[PDB]
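[1] Build me a structure from this.
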Amino acid sequence: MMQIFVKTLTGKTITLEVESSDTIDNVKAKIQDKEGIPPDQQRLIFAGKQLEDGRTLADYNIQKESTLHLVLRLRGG
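    Numbers count the residues shown, from 1 in each chain. Next comes the structure:
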């Protein structure tokens, strides 16, 4: 179980609790509850690097309360 701080585009950094062997897909599902933006255009960028969509939290060697900044891609409107 890994606790992480994900920083939405709204600037709000929420504490998201997921499994260590879980996937970024579930992280997006927590984020979409806050941002309301589907996982299709929301991407995760940690330390200035994009993380593969769906990777395990422990894969990038994340620790408790690490900061994950997300970037939204332009959605057609």
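
[2] Could you use CA atoms for every contact and neighbour count after this?
    Will do.

[3] Restricting to C-alpha, output stretch 55-69 in CSV.
    Below are the C-alpha coordinates for stretch 55-69, written out as CSV (Å, rounded to 0.1, in the frame of the first residue of the first chain):
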residue,chain,number,x,y,z
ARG,A,55,2.7,1.5,-14.5
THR,A,56,3.0,0.3,-10.9
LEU,A,57,3.7,2.9,-8.2
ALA,A,58,6.7,0.9,-7.0
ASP,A,59,8.1,0.7,-10.5
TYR,A,60,9.3,4.2,-10.5
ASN,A,61,10.4,3.6,-6.9
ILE,A,62,7.8,5.9,-5.4
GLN,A,63,7.6,6.4,-1.7
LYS,A,64,5.0,7.6,0.8
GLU,A,65,3.8,11.2,0.0
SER,A,66,5.7,11.6,-3.3
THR,A,67,4.4,14.4,-5.5
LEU,A,68,2.9,13.6,-8.9
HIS,A,69,2.0,16.5,-11.1
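
[4] buried sites along it?
    56-57, 62, 67-69 (16 or more other CA atoms under 10 Å).

[5] Just the residues you listed: which are in strands?
    Members of the buried residues of stretch 55-69 lying in strands (criterion: DSSP state E): 67-69.

[6] quick revisit: from the buried residues of stretch 55-69, which single one is nearest residue 10?
    Of all the buried residues of stretch 55-69, residue 69 has the smallest distance to residue 10: 10.6 Å, by CA to CA.

[7] wait, what's in contact with the spatially closest residue to the closest one that is not a sequence neighbour?
    Distance criterion CA to CA, 6 or more residues apart in numbering; nearest residue to residue 69, sequence neighbours excluded, is residue 7 at 4.7 Å. Neighbour list for residue 7: 13-14, 67-70 [criterion: CA atoms under 8 Å, 6 or more residues apart in numbering].

[8] now do residue 18
    Counted by CA under 8 Å, 6+ apart, residue 18 has contacts 1-4, 26-27.

[9] Would you convert the residues you listed into a markdown table that also reports neighbour count and secondary structure?
    Formatted as a markdown table, those follow (neighbours: other CA atoms under 10 Å; DSSP: H, G, I helix; E, B strand; the rest coil):
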| residue | neighbour count | secondary structure |
| --- | --- | --- |
| 1 | 12 | coil |
| 2 | 17 | strand |
| 3 | 17 | strand |
| 4 | 21 | strand |
| 26 | 17 | helix |
| 27 | 20 | helix |
